[PDB]
Each structure stands twice: as C-alpha cells, then as structure tokens.
$ cat query-v8.txt   # compact mmCIF, C-alpha atoms and all ligand atoms
# COMPACT_ATOMS: atom_id res chain seq x y z
CA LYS A 131 -74.98 46.11 20.38
CA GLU A 132 -74.02 44.01 23.41
CA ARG A 133 -71.23 44.68 25.90
CA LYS A 134 -72.39 42.04 28.35
CA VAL A 135 -69.93 40.31 30.69
CA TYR A 136 -68.95 36.71 29.95
CA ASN A 137 -67.88 34.50 32.88
CA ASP A 138 -66.78 37.37 35.16
CA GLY A 139 -64.76 38.84 32.29
CA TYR A 140 -62.61 35.71 31.94
CA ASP A 141 -64.34 34.52 28.76
CA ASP A 142 -64.89 36.20 25.40
CA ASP A 143 -68.04 36.49 23.30
CA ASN A 144 -67.24 33.01 21.91
CA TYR A 145 -66.87 30.70 24.94
CA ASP A 146 -63.08 31.01 24.82
CA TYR A 147 -60.80 32.11 27.65
CA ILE A 148 -59.43 35.64 27.24
CA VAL A 149 -55.76 34.65 27.31
CA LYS A 150 -53.57 37.20 29.11
CA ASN A 151 -49.81 36.83 28.71
CA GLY A 152 -47.89 36.23 31.94
CA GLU A 153 -50.74 34.70 33.95
CA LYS A 154 -49.81 32.27 36.75
CA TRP A 155 -52.59 29.68 36.95
CA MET A 156 -53.35 27.70 40.11
CA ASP A 157 -49.82 28.20 41.41
CA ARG A 158 -47.93 26.11 38.88
CA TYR A 159 -48.44 26.96 35.20
CA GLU A 160 -46.95 30.16 33.76
CA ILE A 161 -48.98 31.00 30.64
CA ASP A 162 -46.45 32.36 28.13
CA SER A 163 -48.43 33.12 24.96
CA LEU A 164 -51.05 31.79 22.57
CA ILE A 165 -49.95 29.03 20.18
CA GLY A 166 -53.00 27.97 18.16
CA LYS A 167 -56.75 28.33 17.85
CA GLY A 168 -59.51 26.02 16.69
CA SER A 169 -63.13 24.97 17.03
CA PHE A 170 -62.24 23.17 20.28
CA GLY A 171 -60.81 26.22 22.03
CA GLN A 172 -57.21 27.45 22.24
CA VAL A 173 -53.67 26.15 22.78
CA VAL A 174 -51.16 28.07 24.91
CA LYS A 175 -47.45 27.90 25.72
CA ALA A 176 -46.96 27.26 29.43
CA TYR A 177 -44.23 26.28 31.90
CA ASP A 178 -45.14 23.48 34.34
CA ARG A 179 -43.08 24.97 37.16
CA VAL A 180 -43.55 21.97 39.46
CA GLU A 181 -41.77 19.71 36.94
CA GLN A 182 -39.67 22.48 35.32
CA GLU A 183 -40.71 21.46 31.80
CA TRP A 184 -42.56 23.21 28.98
CA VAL A 185 -46.15 22.14 28.26
CA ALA A 186 -48.88 23.08 25.79
CA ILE A 187 -52.27 23.52 27.47
CA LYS A 188 -55.53 23.11 25.53
CA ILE A 189 -58.13 25.55 26.94
CA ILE A 190 -61.44 23.96 25.93
CA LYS A 191 -64.34 26.37 25.38
CA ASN A 192 -66.74 27.06 28.24
CA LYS A 193 -69.79 25.32 26.82
CA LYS A 194 -71.31 21.98 27.80
CA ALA A 195 -71.28 20.96 24.12
CA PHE A 196 -67.52 21.42 23.79
CA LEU A 197 -66.82 20.22 27.33
CA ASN A 198 -68.58 16.89 26.66
CA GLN A 199 -66.68 16.25 23.43
CA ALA A 200 -63.39 17.15 25.14
CA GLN A 201 -64.09 14.54 27.81
CA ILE A 202 -64.21 11.88 25.09
CA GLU A 203 -60.86 13.28 23.96
CA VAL A 204 -59.40 12.77 27.45
CA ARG A 205 -60.67 9.19 27.59
CA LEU A 206 -59.13 8.29 24.23
CA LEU A 207 -55.76 9.89 24.99
CA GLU A 208 -55.72 8.21 28.40
CA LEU A 209 -56.71 4.89 26.81
CA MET A 210 -54.00 5.23 24.14
CA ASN A 211 -51.14 6.17 26.49
CA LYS A 212 -51.91 3.12 28.67
CA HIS A 213 -51.07 0.58 25.95
CA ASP A 214 -47.41 -0.49 26.17
CA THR A 215 -45.67 -0.57 22.80
CA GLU A 216 -43.36 1.91 21.10
CA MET A 217 -46.04 3.22 18.71
CA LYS A 218 -47.97 5.34 21.24
CA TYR A 219 -44.96 7.66 20.88
CA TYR A 220 -46.40 8.68 17.50
CA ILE A 221 -49.38 10.19 19.36
CA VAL A 222 -49.14 13.39 21.40
CA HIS A 223 -48.91 12.80 25.14
CA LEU A 224 -51.70 13.78 27.53
CA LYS A 225 -49.86 14.54 30.76
CA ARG A 226 -52.82 15.66 32.90
CA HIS A 227 -56.21 17.34 32.66
CA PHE A 228 -57.80 19.80 35.08
CA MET A 229 -60.73 22.20 35.31
CA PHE A 230 -59.75 25.87 35.61
CA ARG A 231 -62.17 28.82 35.62
CA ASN A 232 -64.95 26.64 34.13
CA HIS A 233 -62.68 25.58 31.24
CA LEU A 234 -61.51 21.99 30.89
CA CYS A 235 -57.74 22.22 30.39
CA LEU A 236 -55.68 19.44 28.80
CA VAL A 237 -51.93 19.52 29.43
CA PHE A 238 -49.95 18.19 26.47
CA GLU A 239 -46.25 17.86 25.84
CA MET A 240 -44.78 20.61 23.67
CA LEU A 241 -44.28 19.73 20.02
CA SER A 242 -42.99 22.01 17.28
CA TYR A 243 -44.41 23.48 14.07
CA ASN A 244 -47.10 21.66 12.08
CA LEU A 245 -46.64 20.08 8.67
CA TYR A 246 -48.45 23.01 7.06
CA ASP A 247 -45.95 25.43 8.61
CA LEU A 248 -43.19 23.18 7.28
CA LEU A 249 -44.94 23.45 3.91
CA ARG A 250 -45.27 27.23 4.14
CA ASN A 251 -41.57 27.61 4.99
CA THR A 252 -40.88 26.02 1.57
CA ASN A 253 -43.15 28.60 -0.14
CA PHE A 254 -45.52 25.74 -1.05
CA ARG A 255 -42.96 24.16 -3.39
CA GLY A 256 -43.20 20.86 -1.52
CA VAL A 257 -40.86 18.81 0.61
CA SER A 258 -38.44 16.33 -0.93
CA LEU A 259 -39.77 12.87 -1.71
CA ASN A 260 -37.55 11.06 0.80
CA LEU A 261 -38.94 13.41 3.46
CA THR A 262 -42.46 12.75 2.17
CA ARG A 263 -41.66 9.05 2.61
CA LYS A 264 -40.61 9.61 6.23
CA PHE A 265 -43.97 11.17 7.09
CA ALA A 266 -45.67 8.29 5.26
CA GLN A 267 -43.83 5.60 7.23
CA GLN A 268 -44.63 7.34 10.51
CA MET A 269 -48.31 8.03 9.77
CA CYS A 270 -48.88 4.48 8.53
CA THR A 271 -47.11 3.19 11.63
CA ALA A 272 -49.37 5.44 13.71
CA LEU A 273 -52.56 4.48 11.85
CA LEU A 274 -51.69 0.90 12.80
CA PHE A 275 -51.61 1.90 16.48
CA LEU A 276 -55.18 3.24 16.30
CA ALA A 277 -56.30 0.07 14.47
CA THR A 278 -55.39 -2.05 17.50
CA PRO A 279 -58.44 -4.24 18.30
CA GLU A 280 -58.43 -2.81 21.83
CA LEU A 281 -58.53 0.76 20.46
CA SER A 282 -60.23 0.90 17.04
CA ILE A 283 -60.13 4.71 16.93
CA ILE A 284 -60.90 6.91 13.92
CA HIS A 285 -59.24 10.32 14.01
CA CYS A 286 -61.79 11.83 11.57
CA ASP A 287 -59.79 15.09 11.34
CA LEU A 288 -56.51 14.24 9.62
CA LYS A 289 -54.86 17.26 8.00
CA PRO A 290 -51.39 18.87 7.99
CA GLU A 291 -52.27 21.19 10.89
CA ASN A 292 -52.96 18.13 13.09
CA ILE A 293 -49.56 16.48 12.47
CA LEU A 294 -46.87 18.28 14.49
CA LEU A 295 -43.09 17.93 14.43
CA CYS A 296 -41.32 16.86 17.61
CA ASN A 297 -38.28 19.05 16.89
CA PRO A 298 -37.93 21.98 14.45
CA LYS A 299 -35.09 20.03 12.79
CA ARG A 300 -37.57 17.69 11.13
CA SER A 301 -38.55 14.01 10.82
CA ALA A 302 -40.27 13.02 14.08
CA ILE A 303 -44.02 13.75 13.85
CA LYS A 304 -47.03 13.14 16.10
CA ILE A 305 -50.83 13.38 15.83
CA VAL A 306 -52.43 15.88 18.18
CA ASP A 307 -56.16 16.53 18.21
CA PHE A 308 -58.57 13.61 18.85
CA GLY A 309 -61.57 15.78 19.71
CA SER A 310 -63.60 14.90 16.64
CA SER A 311 -62.66 11.23 17.13
CA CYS A 312 -64.78 8.19 17.95
CA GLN A 313 -64.05 4.51 18.46
CA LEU A 314 -65.41 2.13 15.85
CA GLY A 315 -68.94 1.12 16.79
CA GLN A 316 -69.47 4.27 18.88
CA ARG A 317 -69.88 6.56 15.86
CA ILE A 318 -71.97 9.70 16.29
CA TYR A 319 -71.51 12.23 13.48
CA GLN A 320 -71.70 12.20 9.68
CA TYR A 321 -70.20 15.65 8.95
CA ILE A 322 -66.78 14.67 10.26
CA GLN A 323 -63.71 15.11 8.08
CA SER A 324 -62.07 18.30 6.88
CA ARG A 325 -63.40 19.04 3.40
CA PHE A 326 -60.08 18.84 1.54
CA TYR A 327 -59.34 15.45 3.11
CA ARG A 328 -62.83 13.92 3.27
CA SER A 329 -63.32 10.39 2.00
CA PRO A 330 -65.93 9.49 -0.65
CA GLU A 331 -67.67 7.34 1.96
CA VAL A 332 -68.47 10.31 4.20
CA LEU A 333 -69.27 12.45 1.15
CA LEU A 334 -71.87 9.89 0.05
CA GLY A 335 -73.11 9.53 3.63
CA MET A 336 -72.53 5.77 3.91
CA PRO A 337 -71.21 4.23 7.14
CA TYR A 338 -67.47 4.76 7.62
CA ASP A 339 -64.73 2.81 9.40
CA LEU A 340 -61.04 3.48 10.08
CA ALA A 341 -60.39 3.40 6.32
CA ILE A 342 -61.30 7.10 6.09
CA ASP A 343 -58.03 8.15 7.74
CA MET A 344 -56.10 6.39 4.97
CA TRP A 345 -57.93 8.54 2.41
CA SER A 346 -56.96 11.69 4.31
CA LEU A 347 -53.37 10.46 4.63
CA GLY A 348 -53.18 9.89 0.88
CA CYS A 349 -54.41 13.42 0.22
CA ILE A 350 -51.97 14.68 2.89
CA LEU A 351 -48.84 13.10 1.40
CA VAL A 352 -49.50 14.32 -2.14
CA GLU A 353 -50.16 17.82 -0.80
CA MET A 354 -46.93 17.73 1.21
CA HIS A 355 -44.91 16.91 -1.91
CA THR A 356 -46.81 18.96 -4.50
CA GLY A 357 -47.47 22.04 -2.34
CA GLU A 358 -51.17 22.19 -3.32
CA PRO A 359 -54.12 20.29 -1.86
CA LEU A 360 -54.97 17.40 -4.14
CA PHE A 361 -58.78 17.71 -3.94
CA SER A 362 -59.09 21.44 -3.20
CA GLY A 363 -62.88 21.46 -3.32
CA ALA A 364 -64.72 24.60 -2.24
CA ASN A 365 -67.90 22.72 -1.26
CA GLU A 366 -69.23 19.18 -0.98
CA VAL A 367 -70.39 19.00 -4.61
CA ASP A 368 -67.20 20.65 -5.86
CA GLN A 369 -65.36 18.13 -3.67
CA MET A 370 -66.88 14.97 -5.15
CA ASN A 371 -66.44 16.33 -8.68
CA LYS A 372 -62.78 17.09 -8.02
CA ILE A 373 -62.34 13.50 -6.79
CA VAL A 374 -63.95 11.90 -9.86
CA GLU A 375 -61.59 14.12 -11.88
CA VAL A 376 -58.68 11.89 -10.84
CA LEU A 377 -60.13 8.56 -9.71
CA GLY A 378 -63.03 8.45 -12.17
CA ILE A 379 -66.71 7.82 -11.51
CA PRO A 380 -67.12 5.83 -8.27
CA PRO A 381 -68.03 2.13 -8.59
CA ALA A 382 -71.71 1.48 -9.21
CA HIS A 383 -71.82 -1.04 -6.34
CA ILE A 384 -70.98 1.84 -3.97
CA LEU A 385 -73.40 4.45 -5.32
CA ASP A 386 -76.16 1.82 -5.35
CA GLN A 387 -75.63 1.68 -1.57
CA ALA A 388 -74.88 5.41 -1.22
CA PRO A 389 -77.65 7.33 0.59
CA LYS A 390 -76.50 10.71 -0.79
CA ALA A 391 -75.68 9.39 -4.28
CA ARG A 392 -78.39 11.63 -5.74
CA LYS A 393 -76.53 14.76 -4.59
CA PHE A 394 -73.71 14.34 -7.13
CA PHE A 395 -74.70 11.55 -9.55
CA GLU A 396 -77.77 10.23 -11.35
CA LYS A 397 -78.58 6.66 -12.38
CA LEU A 398 -79.38 6.36 -16.09
CA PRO A 399 -81.81 3.87 -17.68
CA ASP A 400 -78.77 1.82 -18.78
CA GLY A 401 -77.97 1.35 -15.10
CA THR A 402 -74.75 3.29 -15.66
CA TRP A 403 -73.96 5.83 -12.95
CA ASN A 404 -73.04 9.28 -14.27
CA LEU A 405 -72.54 12.76 -12.88
CA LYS A 406 -75.46 15.16 -12.72
CA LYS A 407 -76.10 17.39 -15.70
CA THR A 408 -75.45 21.13 -16.04
CA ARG A 413 -68.53 23.07 -18.10
CA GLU A 414 -66.42 23.40 -14.95
CA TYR A 415 -64.49 20.16 -14.40
CA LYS A 416 -62.15 18.20 -16.62
CA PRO A 417 -63.84 15.03 -17.96
CA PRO A 418 -63.74 12.34 -15.23
CA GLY A 419 -60.38 10.56 -15.19
CA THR A 420 -58.35 13.03 -17.28
CA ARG A 421 -56.67 14.82 -14.35
CA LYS A 422 -54.36 11.87 -13.79
CA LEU A 423 -52.03 11.49 -10.82
CA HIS A 424 -49.27 10.72 -13.33
CA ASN A 425 -49.02 14.45 -14.07
CA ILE A 426 -49.84 15.83 -10.60
CA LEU A 427 -46.77 14.03 -9.24
CA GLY A 428 -44.80 14.54 -12.47
CA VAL A 429 -43.22 11.09 -12.47
CA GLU A 430 -41.87 11.18 -16.03
CA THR A 431 -41.84 14.98 -16.07
CA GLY A 432 -39.45 16.78 -13.73
CA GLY A 433 -41.12 15.99 -10.42
CA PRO A 434 -44.18 18.01 -9.38
CA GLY A 435 -44.38 21.23 -11.38
CA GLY A 436 -40.98 20.60 -12.98
CA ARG A 437 -39.30 21.81 -9.78
CA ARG A 438 -37.63 18.47 -8.90
CA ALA A 439 -35.69 17.84 -12.12
CA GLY A 440 -32.14 16.72 -11.43
CA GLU A 441 -32.20 15.98 -7.70
CA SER A 442 -31.16 12.89 -5.77
CA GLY A 443 -33.70 10.21 -4.88
CA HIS A 444 -36.39 11.64 -7.18
CA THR A 445 -36.06 8.68 -9.52
CA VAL A 446 -38.79 8.02 -12.08
CA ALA A 447 -38.96 4.50 -10.65
CA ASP A 448 -39.30 6.04 -7.17
CA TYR A 449 -42.34 8.11 -8.16
CA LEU A 450 -44.05 5.08 -9.71
CA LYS A 451 -43.85 3.56 -6.22
CA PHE A 452 -45.33 6.74 -4.72
CA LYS A 453 -48.09 7.01 -7.33
CA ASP A 454 -48.98 3.34 -6.82
CA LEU A 455 -49.18 3.73 -3.03
CA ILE A 456 -51.37 6.84 -3.23
CA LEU A 457 -53.84 5.20 -5.61
CA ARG A 458 -53.74 2.24 -3.22
CA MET A 459 -54.87 4.61 -0.45
CA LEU A 460 -57.53 6.25 -2.68
CA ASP A 461 -59.28 3.00 -3.67
CA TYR A 462 -62.87 4.42 -3.36
CA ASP A 463 -63.89 1.14 -1.69
CA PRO A 464 -62.99 1.06 2.02
CA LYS A 465 -63.07 -2.76 2.11
CA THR A 466 -60.32 -2.84 -0.54
CA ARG A 467 -58.45 0.28 0.62
CA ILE A 468 -54.88 -0.34 1.74
CA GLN A 469 -54.38 -1.11 5.44
CA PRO A 470 -51.41 0.06 7.54
CA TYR A 471 -50.09 -3.47 8.13
CA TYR A 472 -49.96 -3.90 4.35
CA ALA A 473 -49.05 -0.27 3.64
CA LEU A 474 -45.75 -0.33 5.54
CA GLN A 475 -44.58 -3.37 3.52
CA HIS A 476 -45.31 -1.60 0.22
CA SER A 477 -42.38 -1.25 -2.18
CA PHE A 478 -42.18 2.46 -1.29
CA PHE A 479 -40.35 1.87 2.02
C1 LIG B 501 -41.29 27.42 19.03
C2 LIG B 501 -42.74 27.83 19.06
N1 LIG B 501 -43.68 26.78 18.64
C3 LIG B 501 -43.67 25.66 19.60
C4 LIG B 501 -45.08 25.30 20.03
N2 LIG B 501 -45.89 25.04 18.84
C5 LIG B 501 -46.92 24.16 18.88
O1 LIG B 501 -47.69 24.04 17.93
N3 LIG B 501 -47.05 23.44 20.02
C6 LIG B 501 -48.03 22.48 20.33
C7 LIG B 501 -49.32 22.52 19.79
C8 LIG B 501 -50.21 21.49 20.10
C9 LIG B 501 -51.58 21.48 19.51
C10 LIG B 501 -52.01 22.25 18.47
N4 LIG B 501 -53.33 22.02 18.18
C11 LIG B 501 -54.07 22.73 17.13
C12 LIG B 501 -54.49 21.78 16.02
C13 LIG B 501 -55.25 22.61 15.02
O2 LIG B 501 -54.44 23.66 14.49
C14 LIG B 501 -54.09 24.57 15.53
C15 LIG B 501 -53.26 23.89 16.58
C16 LIG B 501 -53.82 21.06 19.05
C17 LIG B 501 -55.03 20.42 19.24
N5 LIG B 501 -55.26 19.50 20.18
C18 LIG B 501 -54.24 19.18 20.97
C19 LIG B 501 -52.98 19.73 20.88
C20 LIG B 501 -52.76 20.69 19.89
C21 LIG B 501 -49.79 20.49 20.96
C22 LIG B 501 -48.50 20.53 21.45
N6 LIG B 501 -47.62 21.50 21.16
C23 LIG B 501 -46.03 26.26 18.04
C24 LIG B 501 -45.04 27.33 18.48
$ encode --input "query-v8.txt" --output "structure tokens"
Amino acid sequence: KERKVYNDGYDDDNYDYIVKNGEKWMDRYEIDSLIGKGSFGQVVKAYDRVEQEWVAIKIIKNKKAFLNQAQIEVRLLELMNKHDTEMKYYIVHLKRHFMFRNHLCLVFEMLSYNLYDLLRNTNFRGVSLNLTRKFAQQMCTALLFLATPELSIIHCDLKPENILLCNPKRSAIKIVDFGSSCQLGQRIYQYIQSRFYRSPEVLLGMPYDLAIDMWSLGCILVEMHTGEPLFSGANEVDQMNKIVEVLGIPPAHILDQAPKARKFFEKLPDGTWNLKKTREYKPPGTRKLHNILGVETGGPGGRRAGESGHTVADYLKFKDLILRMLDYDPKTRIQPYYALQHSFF
C-alpha cells in the first residue's frame, strides 16, 4: 500500500491533475467542473475571464510520454487553423496552449455533447437518415480538409466520442482530439485506431494512409443510424472475423502483402485464402448490410417503417456509399472529393 505524494498533491496516482471545482488558475481561468476523461488526460469547463467567453481546457497528463505526444497535437491544430478556407471550421479550435503546474494545457472552444451522447439520448434506436446524411456530408467535407497536400493528416482515432456538436440543437459537428494523429510520411505507431472502427489495413499490419479514416467514418455512420456498432469486435481476431462476416474474405492480393495475415487467415495449397480453422461467426458474407440497414425491411430493426425520407431508394444510396467506404483496398476506397458528389447528397 502506497500513500505517496504526487506532484505536491496536485496530481493523482495516474499522472492526471486532481481537478478541484472552483479553482482560479493563473489569474484568468475559472475551472468550473470536469467534462471528459481519456488516455490523454482530462477536459474541464472553464471561463476565460480575460475574454469573457467559455472555454474547454485539456489538462494533459504529467508525463514526458504524454507531454511529447500532446506537443504534436498542438503543432497540428496550429497548422490546421492557419490555412484559410471555410473547412477548418469543421475542426475544433485551438485558442492557446500553456504550461500550468507541470501539465501542458490546451485551451479549446466549447462544443456541446458528442455523437454518442446524441445516440444515447435516443436510447440507441438511431438518428433519422437525413440527420445521418448531415453528419456524413460534414465529416466527408472535413476529411477533405485533412487531405490537403499541405496537411496530409490522419486522425487515427475516429469514433462518435471524438465528433462533438457545436450546439445542443443539432447539425453542426466538429472533430476534437488529434493526439493520436500523424501526418502522412511521419507515421510512428501500428496500434492506432479504436478497435470498433479499425481498418483492415491496420488489423493486418500493412502500411496505412489517410484511407483509414474513411473506414472509421463508414462504421460511424452505420452505427449512428442503427444504434449498434457495426463491427463490435471484442478483440483483434474477433474484429477481423466480424468484418469478413459482412464484406467477405479480404482480397488475396492484400493478404499476400499482409504481414499479420497469418493471425486470422491461412493460405491453402490451392492458393485460396481462407479463415483459420477451429462455430462462432456466420459464414463469411452472410451478414449482409442489406439487412443491417433494413432497406427493403422497415429501416434498421423495423423501427423506421412509415417515416418521411426513409425511402427504399434512399437506403440503397446509403448502403452503396457505406460499401464504397468499406472497400478493403485503400487504393480503391472512396475519397472525400468523390464521396461528397455521391448520389447520397
Ligand atoms: C452543457 C455541458 N456540456 C458542454 C461541454 N461538453 C463538451 O464535451 N465540451 C467540449 C469537449 C471537448 C473535448 C472532449 N474530448 C474528449 C474526447 C474523448 O472523449 C471524452 C472527451 C476532447 C479531446 N481533445 C480535445 C478536446 C476534447 C472539446 C470542447 N468542448 C460537455 C458538457
């Protein structure tokens, strides 16, 4: 048993800052309360008294490992907010960044609840399709911003919790984290994406480009509408098997290049790639998207039968776009410039 002291009693046992409600930092920020928690540190509600506006401050952990990755986050956010378009307004704003009590603190604008909270407020019955489209148009517009040849940034951690609403009355969304993010060509890590939204490329261990965020986005949109994660795998092997359930066995010309192909599959004498031997999963390809989305049934789960805009022809556009995002081959996966012009918008 250890009751040591951690950073003069300002830090906890886990490199975080022991947030106390009502603190007045420096002589400017009034820490209201805790907002969110994560591997990076914490997020707090605070009032920037000098500018009389509300801000969300990201208290990075007090460890050189987390403080070095957060500095790459500052550089990317600073680099993104410098470029003059009207798309950088789909990315959360980094107002300023300062060191306080050995924690690197990032001052963000205040956004509202995350897409998962929006999903929980609907008791996981899913948002309407037209609203699912709105998030799709915005995310694809935002994924284009990161694919700017001067940026070339991969988020690597796309998930509902990292897409926040601007106002609690819906529609306007922004991306928020960018801690586990690297620019193309400056890659570093191979265990990058959140399991539910990991691409087959990272699962097989092959080199990845910006196309991995499109895979996550596809899995995000279907989850937003259905209420359940599409590929709700409990571990890496359960993940790849739950992907081949829908999209079938990956192309042989990928597994032949895949370093970690042996982990899930095995090459037969025929040359045909097949799953490893052992029943737990439906035979590859039988869990079709046609039924997950319920195009010709009554929407997902029969809960969208007899509503506006949930046309059978509308779903066929949605189903086509999703399978265009989940193309297993990143060199043929849909790109945001071509995704926005899809017949779904
Ligand atoms: C009316 C009350 N309501 C308003 C405030 N609200 C917010 O969520 N505000 C907020 C959060 C972030 C923000 C959240 N995460 C985490 C991501 C992982 O999941 C946990 C949160 C960030 C990571 N990296 C940078 C910024 C963030 C940024 C701006 N504003 C909740 C409470």
$ closest_residue --input "query-v8.txt" --among "A:236, A:293, A:332, A:427" --to "residue 389 (chain A)" --atoms "all atoms listed in the file"
A:332
$ closest_residue --input "query-v8.txt" --among "A:426, A:133, A:385, A:298" --to "residue 401 (chain A)" --atoms "all atoms listed in the file"
A:385
$ residues_near_ligand --input "query-v8.txt" --ligand "ligand LIG 501 (chain B)" --cutoff "6 Å" --atoms "only C-alpha atoms and all ligand atoms" --output "PyMOL selection string"
chain A and resi 165-168+186+238-243+291-292+306-307
$ closest_residue --input "query-v8.txt" --among "A:244, A:231, A:271, A:321" --to "residue 145 (chain A)" --atoms "only C-alpha atoms"
A:231
$ atom_distance --input "query-v8.txt" --atom1 "CA of residue 255 (chain A)" --atom2 "CA of residue 437 (chain A)"
7.7 Å
$ closest_residue --input "query-v8.txt" --among "A:277, A:170, A:351, A:252" --to "residue 289 (chain A)" --atoms "all atoms listed in the file"
A:351
$ atom_distance --input "query-v8.txt" --atom1 "CA of residue 353 (chain A)" --atom2 "CA of residue 251 (chain A)"
14.3 Å
$ residues_around --input "query-v8.txt" --residues "residue 196 (chain A)" --least-positions-apart "6" --cutoff "10 Å" --atoms "all atoms listed in the file" --output "compact mmCIF listing (two decimals) with C-alpha atoms, in the frame of the given file"
# COMPACT_ATOMS: atom_id res chain seq x y z
CA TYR A 145 -66.87 30.70 24.94
CA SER A 169 -63.13 24.97 17.03
CA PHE A 170 -62.24 23.17 20.28
CA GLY A 171 -60.81 26.22 22.03
CA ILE A 190 -61.44 23.96 25.93
CA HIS A 233 -62.68 25.58 31.24
CA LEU A 234 -61.51 21.99 30.89
CA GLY A 309 -61.57 15.78 19.71
$ closest_residue --input "query-v8.txt" --among "A:183, A:330, A:455, A:158" --to "residue 381 (chain A)" --atoms "all atoms listed in the file"
A:330
$ atom_distance --input "query-v8.txt" --atom1 "CA of residue 229 (chain A)" --atom2 "CA of residue 139 (chain A)"
17.4 Å
$ residues_around --input "query-v8.txt" --residues "residue 164 (chain A)" --least-positions-apart "3" --cutoff "10 Å" --atoms "all atoms listed in the file" --output "JSON, numbers by chain"
{"A": [149, 150, 151, 161, 167, 172, 173, 174, 175, 176, 186, 187]}
$ residues_near_point --input "query-v8.txt" --point "(-60.8, 18.2, 0.4)" --cutoff "6 Å" --atoms "all atoms listed in the file" --output "PyMOL selection string"
chain A and resi 325-328+361-363
$ closest_residue --input "query-v8.txt" --among "A:324, A:258, A:301, A:163" --to "residue 355 (chain A)" --atoms "only C-alpha atoms"
A:258
$ residues_around --input "query-v8.txt" --residues "residue 333 (chain A)" --least-positions-apart "5" --cutoff "12 Å" --atoms "all atoms listed in the file" --output "compact mmCIF listing (two decimals) with C-alpha atoms, in the coordinates of the input"
# COMPACT_ATOMS: atom_id res chain seq x y z
CA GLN A 320 -71.70 12.20 9.68
CA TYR A 321 -70.20 15.65 8.95
CA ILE A 322 -66.78 14.67 10.26
CA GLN A 323 -63.71 15.11 8.08
CA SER A 324 -62.07 18.30 6.88
CA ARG A 325 -63.40 19.04 3.40
CA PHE A 326 -60.08 18.84 1.54
CA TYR A 327 -59.34 15.45 3.11
CA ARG A 328 -62.83 13.92 3.27
CA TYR A 338 -67.47 4.76 7.62
CA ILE A 342 -61.30 7.10 6.09
CA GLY A 363 -62.88 21.46 -3.32
CA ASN A 365 -67.90 22.72 -1.26
CA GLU A 366 -69.23 19.18 -0.98
CA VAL A 367 -70.39 19.00 -4.61
CA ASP A 368 -67.20 20.65 -5.86
CA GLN A 369 -65.36 18.13 -3.67
CA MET A 370 -66.88 14.97 -5.15
CA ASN A 371 -66.44 16.33 -8.68
CA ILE A 373 -62.34 13.50 -6.79
CA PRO A 380 -67.12 5.83 -8.27
CA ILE A 384 -70.98 1.84 -3.97
CA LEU A 385 -73.40 4.45 -5.32
CA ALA A 388 -74.88 5.41 -1.22
CA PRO A 389 -77.65 7.33 0.59
CA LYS A 390 -76.50 10.71 -0.79
CA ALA A 391 -75.68 9.39 -4.28
CA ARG A 392 -78.39 11.63 -5.74
CA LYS A 393 -76.53 14.76 -4.59
CA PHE A 394 -73.71 14.34 -7.13
CA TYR A 462 -62.87 4.42 -3.36
$ axis_aligned_box --input "query-v8.txt" --around "region 149-165 of chain A" --padding-each-side "5 Å" --output "AutoDock Vina command-line options"
--center_x -51.1 --center_y 31.7 --center_z 30.8 --size_x 19.3 --size_y 21.1 --size_z 31.2
$ decode --input "query-v8.txt" --residues "region 309-320 of chain A" --atoms "N, CA, C and O atoms" --output "CSV table (one decimal), in the first residue's frame"
chain,number,residue,atom,x,y,z
A,309,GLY,N,-4.6,13.7,-31.0
A,309,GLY,CA,-3.4,13.4,-30.1
A,309,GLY,C,-2.7,12.2,-30.7
A,309,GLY,O,-1.5,12.2,-30.8
A,310,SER,N,-3.5,11.2,-31.0
A,310,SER,CA,-3.1,10.0,-31.7
A,310,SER,C,-3.0,10.2,-33.3
A,310,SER,O,-3.4,9.3,-34.0
A,311,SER,N,-2.6,11.4,-33.7
A,311,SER,CA,-2.6,11.7,-35.1
A,311,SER,C,-1.2,12.0,-35.7
A,311,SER,O,-0.4,12.6,-34.9
A,312,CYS,N,-1.0,11.6,-36.9
A,312,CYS,CA,0.3,11.8,-37.5
A,312,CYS,C,0.1,12.3,-39.0
A,312,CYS,O,-0.9,11.9,-39.6
A,313,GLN,N,1.0,13.1,-39.5
A,313,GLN,CA,0.9,13.4,-40.9
A,313,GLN,C,1.5,12.3,-41.7
A,313,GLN,O,2.3,11.5,-41.3
A,314,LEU,N,0.9,12.2,-42.9
A,314,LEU,CA,1.4,11.1,-43.8
A,314,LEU,C,2.9,11.2,-44.1
A,314,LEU,O,3.4,12.3,-44.4
A,315,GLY,N,3.6,10.1,-44.0
A,315,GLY,CA,5.0,10.1,-44.1
A,315,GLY,C,5.7,10.2,-42.8
A,315,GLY,O,6.9,9.8,-42.7
A,316,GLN,N,5.1,10.8,-41.8
A,316,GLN,CA,5.7,10.8,-40.4
A,316,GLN,C,5.0,9.8,-39.5
A,316,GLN,O,4.8,10.1,-38.3
A,317,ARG,N,4.5,8.7,-40.0
A,317,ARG,CA,3.9,7.7,-39.2
A,317,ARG,C,4.8,7.2,-38.1
A,317,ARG,O,6.0,7.3,-38.2
A,318,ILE,N,4.2,6.6,-37.1
A,318,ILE,CA,5.0,6.2,-35.9
A,318,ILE,C,4.5,4.9,-35.3
A,318,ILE,O,5.3,4.0,-34.9
A,319,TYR,N,3.2,4.7,-35.2
A,319,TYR,CA,2.6,3.6,-34.5
A,319,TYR,C,1.7,2.7,-35.3
A,319,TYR,O,1.1,3.2,-36.4
A,320,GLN,N,1.6,1.5,-35.0
A,320,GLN,CA,0.8,0.5,-35.7
A,320,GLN,C,-0.4,0.0,-34.9
A,320,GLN,O,-1.3,-0.7,-35.5
